[PDB]
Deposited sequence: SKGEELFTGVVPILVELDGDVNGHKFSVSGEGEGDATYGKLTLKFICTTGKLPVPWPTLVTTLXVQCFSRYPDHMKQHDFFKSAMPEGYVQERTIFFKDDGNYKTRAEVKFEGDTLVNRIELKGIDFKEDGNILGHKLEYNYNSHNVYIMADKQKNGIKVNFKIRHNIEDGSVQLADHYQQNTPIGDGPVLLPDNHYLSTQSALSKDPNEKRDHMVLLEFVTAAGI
């Protein structure tokens, strides 16, 4: 493909995000690598502006689906790698049930041999004492199914799924994701038949790190065809 060859091996990854949730501004930087052959991602994120004003788990989906593993027989349904190396714009609205929403806009593309994800995140209408701004979400993460469909009019894809964040009292915080991706380049991209990505993530902490941070190990593989 145009970019399938680009992911054949280990690829370094840099992530940079600027956020404003209810007036609380913060910045997050992430480094690590992805190895699409195993749908594997290993990254470390740091809140560079100090204390993160929202729980780390709420940022996982925002902080490079091109690193998902698409089985050999589903290669022509991989939109993400097809738009590389010029990359793609990724937009979402994330609805936290009974609370605020995040709207994000990012561009992920290669800069030399490094895959970069640059994100702008805006959060509004959050409850000052809710699960999010109140930091009531447990530091862990569930496995989900990301549903992908072609959006030919936009020459991209529409994506939908539900993230369920565990709340510390044993309950759950639903986070409804609505996603749009479109190529940056004008070269041809693969428009997939419906399918979904199967995810799983493990959140950990670096024992010697004193800055507010998040270590992430994630595996994602395509299916449904």
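Unmodelled region of the deposited chain sequence (numbering from residue 1): 64 only.
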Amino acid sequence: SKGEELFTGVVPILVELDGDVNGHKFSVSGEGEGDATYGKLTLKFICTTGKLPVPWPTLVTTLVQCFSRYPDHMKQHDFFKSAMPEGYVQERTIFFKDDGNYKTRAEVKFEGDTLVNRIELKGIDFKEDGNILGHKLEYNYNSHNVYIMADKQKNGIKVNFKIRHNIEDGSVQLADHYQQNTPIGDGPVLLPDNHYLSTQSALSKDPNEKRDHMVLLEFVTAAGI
From here on, numbers count along this sequence of modelled residues.
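Relative to its counterpart among 141 to 149 and 94 to 102, 141 to 149 has the higher mean temperature factor, C-alpha atoms as listed in the PDB entry.
Stretches 119 to 127 and 74 to 82 differ in mean C-alpha B factor, with the higher average recorded for 74 to 82. Comparing the C-alpha B-factors of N160, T199, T49, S29 in the entry, the top value falls on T49.
Comparing the C-alpha B-factors of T62, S171, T42, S68 in the entry, the top value falls on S68. Among the modelled residues of its chain, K25 has a C-alpha B-factor that falls in the highest third, as given in the PDB entry. When the CA B factors of the chain's modelled residues are split into thirds, the value for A222 lands in the middle one. Sorting the modelled residues of the chain by their CA temperature factor places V54 in the lowest third.
Per the deposited record, the Cα B-factor of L203 falls in the highest third when ranked against the other modelled residues of its chain. Sorting the modelled residues of the chain by their CA temperature factor places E33 in the middle third.
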